[PDB]
Amino acid sequence: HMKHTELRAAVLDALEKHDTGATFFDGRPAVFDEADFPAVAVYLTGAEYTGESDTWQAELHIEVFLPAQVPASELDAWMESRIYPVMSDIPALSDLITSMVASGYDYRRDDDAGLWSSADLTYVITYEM
Amino acid sequence: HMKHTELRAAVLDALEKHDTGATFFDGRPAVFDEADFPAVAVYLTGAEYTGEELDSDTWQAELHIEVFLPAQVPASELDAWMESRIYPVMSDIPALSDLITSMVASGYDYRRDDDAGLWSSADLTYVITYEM
Amino acid sequence: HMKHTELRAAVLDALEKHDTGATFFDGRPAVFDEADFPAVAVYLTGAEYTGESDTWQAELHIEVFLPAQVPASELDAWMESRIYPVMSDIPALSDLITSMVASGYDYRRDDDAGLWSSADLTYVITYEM
Amino acid sequence: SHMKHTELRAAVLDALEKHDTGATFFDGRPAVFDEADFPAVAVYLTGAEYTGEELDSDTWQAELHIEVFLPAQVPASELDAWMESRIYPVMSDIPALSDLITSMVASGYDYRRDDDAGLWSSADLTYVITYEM
Amino acid sequence: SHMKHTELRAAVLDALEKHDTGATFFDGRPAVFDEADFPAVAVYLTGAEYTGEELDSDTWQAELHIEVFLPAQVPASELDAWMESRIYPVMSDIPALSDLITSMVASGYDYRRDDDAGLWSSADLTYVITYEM
Amino acid sequence: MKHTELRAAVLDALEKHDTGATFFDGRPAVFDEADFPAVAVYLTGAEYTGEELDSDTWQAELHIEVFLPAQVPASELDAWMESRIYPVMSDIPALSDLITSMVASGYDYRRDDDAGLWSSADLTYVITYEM
């Protein structure tokens, strides 16, 4: 297919392999269903062409969702337990990109509805389409 | 007749010739109809005169080729439509190149319907230069 | 009257003498009568004092409105055959200003009710109050 | 015995009112508008701020507004017509305003609207002035 | 035993309450008022931050506000009058405030209104101050 | 990961000190009229800053926010900080052990823009640490 699908699939596959207690999403969902939590979504944002070469740059997210009123440690625990480790070595993803560096780690919330709470892990990557 | 119409047109023709399963739009649409999905919109944003350093009719705009589908679909659905129906056509469109002076990939953004959450899309953008 | 009334009046007169199809408005309106369509408005934005003789600057807008249903080409077509031709030479306007240059061409919508759809042609002009 | 800002706006309202009192004059920009106050004129200041900082001086700088309000459906020419007649001309020679400031220069002329409801329409004439408190 | 911020706002509030007794005061910026209470005066801080890192100092910096509130439609000069006969005379000389800070300079004078309701209008006088916790 | 150990070290040290507050791990959005006084410890802006030839260095903003009803005088918030929060932040070995540096940042007074149900003082420090 095109590069973006491969990228998310490589991350989604590795994350799905071990952990077996979460609903995975390809792209960042808008609404949820109780049965979806714990939810984990892998997606891209800000993808853009770079050249002044065929290099593109994007922000890779792996976000964990849980019911609104849950303590930060719940999200962190899921992250430090079923995600962060996987992200250390993913040969599949590696073969598809030219580079990857840690970026941020944000705690987010359901802006209006207030139905969910989350932890968004982000890496900056560069690749060829 | 005006340069913009010729521009949109060329891309729309090349696109709707290769395929025939999508509903094509000339300009970005606000409201959508389930029946229209998968929809493809071709339009321009930010067109401005750039030659005040003396360059005749030298404008610059952002060319959009955005694909639409229902809000629920995964990012792959969109990418799949892009990769199979759009992206290829885009590599070679003589009709187009003969109208502009330059074109370079810009962005690829995943957008959604913030207003009602009815659709989801992938906006492919290019930066072009051309004489009016 | 101040230079602004003369500026707008000149464009309006030249536009209505060349093509009678539209319904001209002096200044940008918000509410529109479904009948007004096709509507055309001539107006100024960003009028500011520039210096040393009282040099000013402003953005001249010539925005044509049509119903939302309409595809972009219908807007482009109106411009190409009824507005643009005219803008190339308006001696009355030329006598009022010191300089004009093309600026932008934007497609705008009605965000409050979504009843109309437009194309907004803009030039930058310098003149003396 | 009055605050500088008051004396400043007052000198302006005094001059404008000498040529017309058919309009309803405001001291400050009105938030809500009463259809019966049309036509209305508002004199006010925005951005007032101490400037003598760096050079060590008791100089303030602010923006002086003189805005004309009319019903929303009116053509831009009508707003200008009121300005050319009773306002713009008065602005070039208000001695009482001079004796209060240290400098004045034209800044802008903007056409504004009632974004919230849509009851009024306007033209706002602004100057940048400097003065001491 | 008392935080610096409390001492700062208290030096001003006491001076104001002392200058003219019986008036309405607020320690922090309120959002709702009661007709009777007007004119209300509020003294508060915003933007307080530690600024001694790039140079190894104990300095903090914050914007000191003394804002006067009145009904939403009063002419702006009414707000200025309170400032002129209550606030400025006091701010001109407050030893207790001086003893608590290291510097103070005039900053701005803004006219603000009730955005969520439109029940009041105000005049916010601000000073930039630096001090030590 | 650090984050949990970071907020824990701070939360723990604060609870041993005073017992009259409802502590939250992370910034809450809706409170119960009975959770006041509330204290929340959380992080924002955590971002990667590079490798120190030994590990990955990060930077985040550490928040300690005390919440009280909307009408309380600003003095009530300050007094709560002065007596129950500052004395603790002055020295928390468990925390000092987890980070590579800490410096005071700001002290903001915040409000419940939506319902006007509360008032707060948000104390923040900029910290650096290895993940």
# chains A, B, ... in the order shown; residues from 1 in each chain; ligands from 1
>>> calpha_fit_rmsd(fixed="chain D", moving="chain E")
0.9 Å
>>> interface_residues(of="chain C", to="chain B", cutoff="10 Å", atoms="only C-alpha atoms", output="ChimeraX atom specification")
/C:68-81,84,101-109,111,114,121-123
>>> residues_around(residues="residue F:64", least_positions_apart="5", cutoff="6 Å", atoms="only C-alpha atoms", output="list in words")
residues 40, 41, 122 and 123 of chain F
>>> write_last_selection(atoms="N, CA, C and O atoms", output="PDB file, in the first residue's frame")
ATOM      1  N   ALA F  40      -4.026  18.559  44.031  1.00  0.00           N
ATOM      2  CA  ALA F  40      -3.731  17.701  42.897  1.00  0.00           C
ATOM      3  C   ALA F  40      -2.267  17.837  42.522  1.00  0.00           C
ATOM      4  O   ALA F  40      -1.712  18.939  42.525  1.00  0.00           O
ATOM      5  N   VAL F  41      -1.637  16.711  42.230  1.00  0.00           N
ATOM      6  CA  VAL F  41      -0.234  16.704  41.842  1.00  0.00           C
ATOM      7  C   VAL F  41      -0.185  16.111  40.442  1.00  0.00           C
ATOM      8  O   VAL F  41      -0.678  15.007  40.219  1.00  0.00           O
ATOM      9  N   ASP F 122      -2.007  27.302  41.615  1.00  0.00           N
ATOM     10  CA  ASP F 122      -1.231  26.252  40.979  1.00  0.00           C
ATOM     11  C   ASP F 122       0.254  26.550  41.103  1.00  0.00           C
ATOM     12  O   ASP F 122       0.750  27.490  40.480  1.00  0.00           O
ATOM     13  N   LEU F 123       0.951  25.764  41.927  1.00  0.00           N
ATOM     14  CA  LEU F 123       2.397  25.933  42.122  1.00  0.00           C
ATOM     15  C   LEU F 123       3.117  25.009  41.150  1.00  0.00           C
ATOM     16  O   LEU F 123       2.823  23.827  41.097  1.00  0.00           O
TER      17      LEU F 123
END
>>> residues_around(residues="residue D:83", least_positions_apart="6", cutoff="12 Å", atoms="only C-alpha atoms", output="ChimeraX atom specification")
/C:1-5 /D:16,20,39-41,66-70,76-77,89-91,109,122-125
>>> write_last_selection(atoms="C-alpha atoms", output="PDB file, in the first residue's frame")
ATOM      1  CA  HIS C   1     -16.967  62.779   0.543  1.00  0.00           C
ATOM      2  CA  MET C   2     -13.855  61.139   1.979  1.00  0.00           C
ATOM      3  CA  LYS C   3     -11.645  59.166  -0.382  1.00  0.00           C
ATOM      4  CA  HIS C   4     -13.249  55.839   0.664  1.00  0.00           C
ATOM      5  CA  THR C   5     -16.713  56.616  -0.742  1.00  0.00           C
TER       6      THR C   5
ATOM      7  CA  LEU D  16     -17.906  67.030  18.194  1.00  0.00           C
ATOM      8  CA  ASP D  20     -24.065  68.144  16.259  1.00  0.00           C
ATOM      9  CA  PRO D  39     -27.314  57.312  15.240  1.00  0.00           C
ATOM     10  CA  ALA D  40     -24.647  57.150  17.915  1.00  0.00           C
ATOM     11  CA  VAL D  41     -21.060  58.295  18.335  1.00  0.00           C
ATOM     12  CA  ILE D  66     -14.236  57.886  17.550  1.00  0.00           C
ATOM     13  CA  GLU D  67     -16.780  55.399  16.259  1.00  0.00           C
ATOM     14  CA  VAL D  68     -20.072  56.021  14.436  1.00  0.00           C
ATOM     15  CA  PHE D  69     -22.878  53.493  14.854  1.00  0.00           C
ATOM     16  CA  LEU D  70     -25.795  52.941  12.462  1.00  0.00           C
ATOM     17  CA  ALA D  76     -20.808  51.839   3.839  1.00  0.00           C
ATOM     18  CA  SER D  77     -21.288  55.229   2.165  1.00  0.00           C
ATOM     19  CA  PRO D  89     -13.028  67.440   9.881  1.00  0.00           C
ATOM     20  CA  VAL D  90     -13.308  68.302  13.585  1.00  0.00           C
ATOM     21  CA  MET D  91     -10.381  66.019  14.383  1.00  0.00           C
ATOM     22  CA  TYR D 109     -10.296  53.588   9.755  1.00  0.00           C
ATOM     23  CA  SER D 122     -19.928  51.034  12.207  1.00  0.00           C
ATOM     24  CA  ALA D 123     -16.866  52.977  11.115  1.00  0.00           C
ATOM     25  CA  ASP D 124     -14.163  53.494  13.767  1.00  0.00           C
ATOM     26  CA  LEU D 125     -11.641  56.360  13.337  1.00  0.00           C
TER      27      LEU D 125
END
>>> interface_residues(of="chain E", to="chain D", cutoff="9 Å", atoms="only C-alpha atoms", output="list in words")
residues 72, 73, 74, 75, 76, 77, 78, 80, 81, 83, 84, 105, 106, 107, 108, 109, 110, 111, 113 and 118 of chain E
>>> write_last_selection(atoms="N, CA, C and O atoms", output="PDB file, in the first residue's frame")
ATOM      1  N   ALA E  72     -22.556  47.841  34.147  1.00  0.00           N
ATOM      2  CA  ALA E  72     -22.106  47.678  32.778  1.00  0.00           C
ATOM      3  C   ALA E  72     -22.272  48.851  31.817  1.00  0.00           C
ATOM      4  O   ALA E  72     -21.553  48.932  30.827  1.00  0.00           O
ATOM      5  N   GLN E  73     -23.184  49.770  32.097  1.00  0.00           N
ATOM      6  CA  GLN E  73     -23.405  50.860  31.158  1.00  0.00           C
ATOM      7  C   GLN E  73     -22.883  52.243  31.535  1.00  0.00           C
ATOM      8  O   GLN E  73     -23.055  53.197  30.781  1.00  0.00           O
ATOM      9  N   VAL E  74     -22.240  52.370  32.683  1.00  0.00           N
ATOM     10  CA  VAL E  74     -21.754  53.677  33.102  1.00  0.00           C
ATOM     11  C   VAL E  74     -20.770  54.293  32.127  1.00  0.00           C
ATOM     12  O   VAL E  74     -20.038  53.590  31.438  1.00  0.00           O
ATOM     13  N   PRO E  75     -20.759  55.627  32.038  1.00  0.00           N
ATOM     14  CA  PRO E  75     -19.807  56.240  31.113  1.00  0.00           C
ATOM     15  C   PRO E  75     -18.437  55.967  31.706  1.00  0.00           C
ATOM     16  O   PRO E  75     -18.271  55.979  32.921  1.00  0.00           O
ATOM     17  N   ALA E  76     -17.467  55.702  30.848  1.00  0.00           N
ATOM     18  CA  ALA E  76     -16.116  55.400  31.285  1.00  0.00           C
ATOM     19  C   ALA E  76     -15.550  56.412  32.277  1.00  0.00           C
ATOM     20  O   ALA E  76     -14.715  56.063  33.117  1.00  0.00           O
ATOM     21  N   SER E  77     -15.998  57.658  32.205  1.00  0.00           N
ATOM     22  CA  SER E  77     -15.481  58.659  33.132  1.00  0.00           C
ATOM     23  C   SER E  77     -15.865  58.376  34.580  1.00  0.00           C
ATOM     24  O   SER E  77     -15.193  58.826  35.510  1.00  0.00           O
ATOM     25  N   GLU E  78     -16.937  57.625  34.785  1.00  0.00           N
ATOM     26  CA  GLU E  78     -17.334  57.316  36.143  1.00  0.00           C
ATOM     27  C   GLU E  78     -16.267  56.399  36.769  1.00  0.00           C
ATOM     28  O   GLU E  78     -15.914  56.554  37.943  1.00  0.00           O
ATOM     29  N   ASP E  80     -13.082  56.250  35.842  1.00  0.00           N
ATOM     30  CA  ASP E  80     -11.902  57.082  36.020  1.00  0.00           C
ATOM     31  C   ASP E  80     -11.992  57.954  37.281  1.00  0.00           C
ATOM     32  O   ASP E  80     -10.984  58.232  37.929  1.00  0.00           O
ATOM     33  N   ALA E  81     -13.193  58.397  37.629  1.00  0.00           N
ATOM     34  CA  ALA E  81     -13.339  59.241  38.802  1.00  0.00           C
ATOM     35  C   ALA E  81     -12.951  58.501  40.080  1.00  0.00           C
ATOM     36  O   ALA E  81     -12.278  59.059  40.963  1.00  0.00           O
ATOM     37  N   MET E  83     -10.908  55.988  40.318  1.00  0.00           N
ATOM     38  CA  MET E  83      -9.468  55.842  40.239  1.00  0.00           C
ATOM     39  C   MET E  83      -8.770  57.101  40.717  1.00  0.00           C
ATOM     40  O   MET E  83      -7.844  57.038  41.517  1.00  0.00           O
ATOM     41  N   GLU E  84      -9.238  58.243  40.226  1.00  0.00           N
ATOM     42  CA  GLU E  84      -8.668  59.544  40.558  1.00  0.00           C
ATOM     43  C   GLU E  84      -8.734  59.968  42.031  1.00  0.00           C
ATOM     44  O   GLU E  84      -7.779  60.537  42.553  1.00  0.00           O
ATOM     45  N   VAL E 105       6.721  49.543  38.663  1.00  0.00           N
ATOM     46  CA  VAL E 105       6.628  50.526  37.592  1.00  0.00           C
ATOM     47  C   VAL E 105       5.216  50.483  37.006  1.00  0.00           C
ATOM     48  O   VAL E 105       4.594  49.424  36.953  1.00  0.00           O
ATOM     49  N   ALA E 106       4.690  51.629  36.595  1.00  0.00           N
ATOM     50  CA  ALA E 106       3.344  51.638  36.024  1.00  0.00           C
ATOM     51  C   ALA E 106       3.386  50.770  34.781  1.00  0.00           C
ATOM     52  O   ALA E 106       4.428  50.648  34.144  1.00  0.00           O
ATOM     53  N   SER E 107       2.263  50.154  34.443  1.00  0.00           N
ATOM     54  CA  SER E 107       2.233  49.290  33.281  1.00  0.00           C
ATOM     55  C   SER E 107       1.107  49.576  32.294  1.00  0.00           C
ATOM     56  O   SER E 107       1.365  49.849  31.126  1.00  0.00           O
ATOM     57  N   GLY E 108      -0.138  49.507  32.757  1.00  0.00           N
ATOM     58  CA  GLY E 108      -1.250  49.764  31.866  1.00  0.00           C
ATOM     59  C   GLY E 108      -2.524  50.193  32.567  1.00  0.00           C
ATOM     60  O   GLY E 108      -2.643  50.115  33.792  1.00  0.00           O
ATOM     61  N   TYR E 109      -3.476  50.667  31.774  1.00  0.00           N
ATOM     62  CA  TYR E 109      -4.773  51.110  32.271  1.00  0.00           C
ATOM     63  C   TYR E 109      -5.786  50.657  31.217  1.00  0.00           C
ATOM     64  O   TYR E 109      -5.896  51.260  30.141  1.00  0.00           O
ATOM     65  N   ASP E 110      -6.511  49.587  31.535  1.00  0.00           N
ATOM     66  CA  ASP E 110      -7.480  49.010  30.619  1.00  0.00           C
ATOM     67  C   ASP E 110      -8.927  49.133  31.049  1.00  0.00           C
ATOM     68  O   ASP E 110      -9.232  49.165  32.239  1.00  0.00           O
ATOM     69  N   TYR E 111      -9.812  49.211  30.060  1.00  0.00           N
ATOM     70  CA  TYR E 111     -11.243  49.276  30.308  1.00  0.00           C
ATOM     71  C   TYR E 111     -11.781  47.896  29.914  1.00  0.00           C
ATOM     72  O   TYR E 111     -11.681  47.489  28.766  1.00  0.00           O
ATOM     73  N   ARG E 113     -14.926  44.626  30.339  1.00  0.00           N
ATOM     74  CA  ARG E 113     -16.333  44.378  30.616  1.00  0.00           C
ATOM     75  C   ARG E 113     -16.662  42.933  30.954  1.00  0.00           C
ATOM     76  O   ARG E 113     -15.798  42.056  30.924  1.00  0.00           O
ATOM     77  N   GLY E 118     -22.358  40.575  30.981  1.00  0.00           N
ATOM     78  CA  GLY E 118     -22.502  41.969  30.602  1.00  0.00           C
ATOM     79  C   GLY E 118     -23.211  42.730  31.701  1.00  0.00           C
ATOM     80  O   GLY E 118     -23.995  43.644  31.447  1.00  0.00           O
TER      81      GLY E 118
END
>>> select_by_dssp(residues="chain E", states="helix (DSSP H, G or I)", output="PyMOL selection string")
chain E and resi 4-19+35-37+53-55+76-91+95-100
>>> calpha_fit_rmsd(fixed="chain C", moving="chain A")
0.9 Å
>>> select_by_dssp(residues="chain F", states="strand (DSSP E)", output="MDAnalysis selection string")
chainID F and resid 22:25 38:51 56:69 101:111 118:130
>>> closest_residue(among="B:98, B:33, B:66, B:55", to="residue B:85", atoms="only C-alpha atoms")
B:66
>>> residues_around(residues="residue F:32", least_positions_apart="4", cutoff="10 Å", atoms="only C-alpha atoms", output="PyMOL selection string")
chain F and resi 36+38+117
>>> residues_around(residues="residue C:100", least_positions_apart="5", cutoff="12 Å", atoms="only C-alpha atoms", output="MDAnalysis selection string")
(chainID B and resid 52) or (chainID C and resid 7 57:60 87:90 93:95 122:127)
>>> write_last_selection(atoms="C-alpha atoms", output="compact mmCIF listing (two decimals), in the first residue's frame")
# COMPACT_ATOMS: atom_id res chain seq x y z
CA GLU B 52 5.63 42.29 -6.41
CA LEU C 7 -12.94 54.61 -4.16
CA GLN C 57 -3.21 51.84 2.49
CA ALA C 58 -6.09 49.43 2.33
CA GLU C 59 -7.31 46.19 0.87
CA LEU C 60 -9.82 46.48 -1.94
CA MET C 87 -10.42 45.59 -13.07
CA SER C 88 -7.64 45.81 -15.65
CA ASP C 89 -8.62 49.41 -16.38
CA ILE C 90 -10.81 51.77 -14.32
CA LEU C 93 -10.27 54.61 -9.76
CA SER C 94 -6.81 55.28 -11.12
CA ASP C 95 -7.33 59.03 -10.69
CA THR C 122 -8.45 41.57 -3.45
CA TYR C 123 -6.00 44.32 -4.34
CA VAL C 124 -3.74 46.46 -2.18
CA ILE C 125 -4.06 50.21 -2.79
CA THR C 126 -2.25 53.28 -1.51
CA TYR C 127 -3.94 56.67 -1.72
>>> residues_around(residues="residue E:71", least_positions_apart="3", cutoff="8 Å", atoms="only C-alpha atoms", output="VMD selection string")
chain E and resid 35 38 74 119 to 121
>>> atom_distance(atom1="atom CA of residue A:97", atom2="atom CA of residue A:44")
13.5 Å
>>> interface_residues(of="chain F", to="chain A", cutoff="7 Å", atoms="only C-alpha atoms", output="PyMOL selection string")
chain F and resi 1+4+25-26+44-48
>>> write_last_selection(atoms="N, CA and C atoms", output="PDB file, in the first residue's frame")
ATOM      1  N   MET F   1       7.797   3.479  34.704  1.00  0.00           N
ATOM      2  CA  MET F   1       8.346   4.789  34.258  1.00  0.00           C
ATOM      3  C   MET F   1       8.366   5.788  35.411  1.00  0.00           C
ATOM      4  N   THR F   4       5.134   8.064  37.395  1.00  0.00           N
ATOM      5  CA  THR F   4       4.373   7.568  38.533  1.00  0.00           C
ATOM      6  C   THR F   4       5.176   7.786  39.816  1.00  0.00           C
ATOM      7  N   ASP F  25      -4.291  12.297  42.139  1.00  0.00           N
ATOM      8  CA  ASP F  25      -3.103  11.998  41.347  1.00  0.00           C
ATOM      9  C   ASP F  25      -3.436  12.338  39.900  1.00  0.00           C
ATOM     10  N   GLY F  26      -3.072  13.544  39.477  1.00  0.00           N
ATOM     11  CA  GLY F  26      -3.374  14.007  38.130  1.00  0.00           C
ATOM     12  C   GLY F  26      -4.405  15.105  38.324  1.00  0.00           C
ATOM     13  N   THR F  44       2.729  18.273  33.184  1.00  0.00           N
ATOM     14  CA  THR F  44       2.348  18.767  31.860  1.00  0.00           C
ATOM     15  C   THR F  44       3.638  19.080  31.096  1.00  0.00           C
ATOM     16  N   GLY F  45       3.548  19.121  29.777  1.00  0.00           N
ATOM     17  CA  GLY F  45       4.705  19.446  28.968  1.00  0.00           C
ATOM     18  C   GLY F  45       5.906  18.523  28.976  1.00  0.00           C
ATOM     19  N   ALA F  46       5.748  17.292  29.443  1.00  0.00           N
ATOM     20  CA  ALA F  46       6.866  16.364  29.471  1.00  0.00           C
ATOM     21  C   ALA F  46       7.375  16.131  28.060  1.00  0.00           C
ATOM     22  N   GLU F  47       8.655  16.400  27.840  1.00  0.00           N
ATOM     23  CA  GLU F  47       9.227  16.195  26.522  1.00  0.00           C
ATOM     24  C   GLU F  47      10.665  15.711  26.561  1.00  0.00           C
ATOM     25  N   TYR F  48      11.024  14.924  25.556  1.00  0.00           N
ATOM     26  CA  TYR F  48      12.362  14.381  25.430  1.00  0.00           C
ATOM     27  C   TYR F  48      13.349  15.515  25.146  1.00  0.00           C
TER      28      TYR F  48
END
>>> closest_atom_pairs(of="chain F", to="chain E", cutoff="10 Å", atoms="only C-alpha atoms", output="tab-separated table")
residue	atom	partner	partner_atom	distance
F:70	CA	E:30	CA	8.8
F:71	CA	E:30	CA	7.8
F:72	CA	E:27	CA	8.7
F:73	CA	E:27	CA	5.3
F:74	CA	E:28	CA	5.4
F:75	CA	E:6	CA	5.6
F:76	CA	E:6	CA	9.1
F:77	CA	E:6	CA	9.5
F:78	CA	E:3	CA	6.2
F:79	CA	E:3	CA	6.8
F:80	CA	E:3	CA	9.6
F:81	CA	E:3	CA	8.2
F:82	CA	E:3	CA	5.8
F:83	CA	E:1	CA	8.1
F:86	CA	E:3	CA	9.8
F:103	CA	E:53	CA	8.0
F:104	CA	E:50	CA	6.2
F:105	CA	E:50	CA	5.4
F:106	CA	E:49	CA	4.1
F:107	CA	E:48	CA	5.7
F:108	CA	E:47	CA	6.6
F:109	CA	E:46	CA	7.1
F:110	CA	E:46	CA	9.5
F:111	CA	E:29	CA	9.7
F:113	CA	E:31	CA	9.7
F:116	CA	E:31	CA	8.5
F:119	CA	E:28	CA	9.9
F:123	CA	E:49	CA	9.9
F:124	CA	E:49	CA	9.3
F:125	CA	E:50	CA	9.5
>>> write_last_selection(atoms="N, CA, C and O atoms", output="CSV table (one decimal), in the first residue's frame")
chain,number,residue,atom,x,y,z
F,70,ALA,N,-15.1,28.7,45.0
F,70,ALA,CA,-14.9,29.9,44.3
F,70,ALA,C,-14.8,31.2,45.0
F,70,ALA,O,-14.0,32.1,44.7
F,71,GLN,N,-15.7,31.4,46.0
F,71,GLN,CA,-15.7,32.7,46.8
F,71,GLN,C,-14.6,33.0,47.8
F,71,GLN,O,-14.4,34.1,48.2
F,72,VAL,N,-13.8,32.0,48.1
F,72,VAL,CA,-12.7,32.3,49.1
F,72,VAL,C,-11.7,33.3,48.7
F,72,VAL,O,-11.3,33.5,47.6
F,73,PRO,N,-11.3,34.1,49.7
F,73,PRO,CA,-10.3,35.1,49.5
F,73,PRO,C,-9.0,34.5,49.0
F,73,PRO,O,-8.7,33.4,49.5
F,74,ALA,N,-8.2,35.1,48.2
F,74,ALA,CA,-6.9,34.6,47.7
F,74,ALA,C,-6.0,34.2,48.8
F,74,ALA,O,-5.1,33.4,48.7
F,75,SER,N,-6.2,34.9,50.0
F,75,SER,CA,-5.4,34.6,51.2
F,75,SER,C,-5.5,33.2,51.6
F,75,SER,O,-4.6,32.6,52.1
F,76,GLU,N,-6.7,32.6,51.5
F,76,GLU,CA,-7.0,31.3,51.9
F,76,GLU,C,-6.1,30.3,51.1
F,76,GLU,O,-5.5,29.4,51.7
F,77,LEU,N,-6.0,30.5,49.8
F,77,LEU,CA,-5.2,29.7,49.0
F,77,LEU,C,-3.7,29.8,49.5
F,77,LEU,O,-3.1,28.8,49.7
F,78,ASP,N,-3.2,31.0,49.5
F,78,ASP,CA,-1.8,31.2,49.9
F,78,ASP,C,-1.5,30.6,51.3
F,78,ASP,O,-0.4,30.0,51.4
F,79,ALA,N,-2.3,30.7,52.2
F,79,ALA,CA,-2.1,30.2,53.6
F,79,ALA,C,-2.0,28.7,53.5
F,79,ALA,O,-1.1,28.1,54.2
F,80,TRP,N,-2.8,28.1,52.7
F,80,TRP,CA,-2.7,26.6,52.6
F,80,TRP,C,-1.4,26.2,52.0
F,80,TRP,O,-0.8,25.2,52.4
F,81,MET,N,-0.9,27.0,51.0
F,81,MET,CA,0.4,26.7,50.4
F,81,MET,C,1.5,26.9,51.4
F,81,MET,O,2.4,26.0,51.6
F,82,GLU,N,1.5,28.1,52.0
F,82,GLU,CA,2.5,28.5,53.0
F,82,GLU,C,2.7,27.5,54.1
F,82,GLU,O,3.9,27.2,54.5
F,83,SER,N,1.7,27.0,54.6
F,83,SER,CA,1.8,26.1,55.8
F,83,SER,C,1.8,24.6,55.5
F,83,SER,O,2.4,23.8,56.2
F,86,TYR,N,4.5,24.4,50.8
F,86,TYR,CA,5.9,24.9,50.7
F,86,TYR,C,6.9,24.2,51.7
F,86,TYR,O,8.0,23.8,51.3
F,103,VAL,N,13.6,23.5,39.6
F,103,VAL,CA,13.6,25.0,39.8
F,103,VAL,C,12.2,25.6,39.8
F,103,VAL,O,11.4,25.2,38.9
F,104,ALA,N,11.9,26.4,40.7
F,104,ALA,CA,10.6,27.1,40.8
F,104,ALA,C,10.3,27.7,39.4
F,104,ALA,O,11.2,28.3,38.8
F,105,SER,N,9.0,27.7,39.0
F,105,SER,CA,8.6,28.3,37.8
F,105,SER,C,7.5,29.4,38.0
F,105,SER,O,7.9,30.5,37.8
F,106,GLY,N,6.3,29.0,38.3
F,106,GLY,CA,5.3,30.0,38.5
F,106,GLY,C,4.3,29.7,39.7
F,106,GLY,O,4.4,28.7,40.3
F,107,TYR,N,3.4,30.6,39.9
F,107,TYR,CA,2.4,30.5,40.9
F,107,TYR,C,1.2,31.2,40.3
F,107,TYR,O,1.1,32.5,40.4
F,108,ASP,N,0.2,30.5,39.8
F,108,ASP,CA,-0.9,31.0,39.2
F,108,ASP,C,-2.2,30.8,39.9
F,108,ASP,O,-2.5,29.8,40.5
F,109,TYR,N,-3.1,31.9,39.9
F,109,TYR,CA,-4.4,31.8,40.5
F,109,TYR,C,-5.3,31.4,39.4
F,109,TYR,O,-5.4,32.1,38.4
F,110,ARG,N,-6.1,30.3,39.6
F,110,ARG,CA,-7.0,29.9,38.5
F,110,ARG,C,-8.4,29.7,39.0
F,110,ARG,O,-8.7,29.7,40.2
F,111,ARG,N,-9.3,29.6,38.0
F,111,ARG,CA,-10.7,29.6,38.3
F,111,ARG,C,-11.4,28.5,37.5
F,111,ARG,O,-10.9,28.0,36.5
F,113,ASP,N,-13.7,28.3,35.0
F,113,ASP,CA,-14.3,29.1,34.0
F,113,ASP,C,-15.7,28.6,33.6
F,113,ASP,O,-16.6,29.4,33.2
F,116,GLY,N,-17.8,27.9,37.8
F,116,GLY,CA,-17.5,28.9,38.9
F,116,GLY,C,-17.7,28.2,40.3
F,116,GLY,O,-18.2,28.8,41.2
F,119,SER,N,-11.9,27.6,43.0
F,119,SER,CA,-10.8,28.6,42.9
F,119,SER,C,-9.5,27.9,43.2
F,119,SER,O,-9.5,26.9,44.0
F,123,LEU,N,1.0,25.8,41.9
F,123,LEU,CA,2.4,25.9,42.1
F,123,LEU,C,3.1,25.0,41.2
F,123,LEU,O,2.8,23.8,41.1
F,124,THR,N,4.1,25.5,40.4
F,124,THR,CA,4.8,24.7,39.4
F,124,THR,C,6.3,24.9,39.4
F,124,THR,O,6.8,26.0,39.7
F,125,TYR,N,7.0,23.8,39.1
F,125,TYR,CA,8.5,23.8,39.1
F,125,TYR,C,8.8,23.1,37.8
F,125,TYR,O,8.1,22.2,37.3
>>> atom_distance(atom1="atom CA of residue E:65", atom2="atom CA of residue E:100")
16.1 Å
